[PDB]
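The chain that follows stands alone, in the form deposited in one PDB entry, written as structure tokens.
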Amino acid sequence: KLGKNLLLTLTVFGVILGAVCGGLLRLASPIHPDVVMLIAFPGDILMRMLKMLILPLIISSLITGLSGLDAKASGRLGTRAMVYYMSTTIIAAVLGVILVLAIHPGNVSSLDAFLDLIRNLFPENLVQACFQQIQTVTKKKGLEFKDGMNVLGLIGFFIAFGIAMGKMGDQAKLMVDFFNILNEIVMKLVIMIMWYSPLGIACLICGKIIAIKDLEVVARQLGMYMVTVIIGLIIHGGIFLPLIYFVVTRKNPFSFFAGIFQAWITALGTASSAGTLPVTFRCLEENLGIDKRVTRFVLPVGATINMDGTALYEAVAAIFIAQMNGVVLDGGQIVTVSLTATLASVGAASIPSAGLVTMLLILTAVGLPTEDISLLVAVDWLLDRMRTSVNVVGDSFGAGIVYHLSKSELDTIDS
């Protein structure tokens, strides 16, 4: 089993080795800060090599994805599924933000903050939006350029670019081939750095354990963080998905959980939504009467773009790092977390071995220190096995809803 899947085992071996060296090394002496920096330096190299690639990955991924959208994708079954997928993810991210602001683990006006958000959606310059944001200083008011990448402005402009390119049709074939080649190259580059990763994670954990100044104060917030993620998953799935199934289809949603039970158990087992497709197919289209014209489209795209557990997890785990460093997020960074968690949950599953670049996307979208991310990797393998469960349940309810909103059209195509 050690030779199969040689990335998660090296990651947990690096986490355990780094925790052992940090726990043995803080016992010795008050360590000098320069040798602390020399210990934590390969994790800094890892964070820089991953942050180097969030700009061409956004630029290539938006233009490759949004130009491959077919409006003839079985008619209204495409649009209904897309409206479901972009609604439940937003509800999940909003619930995650509320639950991390209310549980609170890890102990200018608001109008100017919201106007700075609206100004940052529409940047004056495109090359300056790659590394600078705008903000409202005050004494009269004035506008000043702070430093940090403007994620929302680039995402907005390249959404407009991909949508305008997809309407050109076959005239813009050369540009989508160019950006497809750029996307394949940057995905191979993301694959190599994640092979380097189990050395950087170990050094980051050792540097975070050595300089913690108290040990039972971080083991309490790392417990309350798992508690708020579990409360978020339980509330989101168990309440909001049968409720959104009841007000639309008006069928009894407990027989629906009686139907998809084996898919949920297998998603808890294999901890991956992509490998759980032949179980949920045999569950849905053999136990719940869903038509094969619905599942064969809804499920293989929901296993790629419908990640509503990852949205709640990444909307909790960014404000948790904001609360550990004492930062208070204003009204303009809460909306940035809630939008970037939605855009990054779709990207965490569509890009292979990119689960660490999505967290760095949010942590540099709101301008946070990214070196506290090593305390999240030490508990991620206790949480992805339950993230996959909420993802699979959100897929199954979507395949149950899109069939009920499309009974009549399938009946007329049948007759």
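Only residues modelled in both forms are compared. Just so we're on the same page, rigid core means the largest C-alpha set that superposes within 1.5 Å between forms. We number the residues from 1 along the sequence you see.
There is also a form deposited in another entry; it is not shown, and the following applies to it.
Just a single entry of 378, 351, 39, 49 exceeds or equals a 2 Å CA shift between this form and the one not shown, which is 351 (rigid core superposed). In the other form, the Cα positions of residue 351 and residue 55 lie at least 3 Å farther from each other than in the form displayed. With a change of no less than 3 Å, the CA-CA distance between residue 392 and residue 354 is smaller in the other form than in the form shown.
71-74, 350-357 are the runs of three or more consecutive shared residues whose C-alphas all shift by 2 Å or more between this form and the one not shown after the rigid core is superposed.
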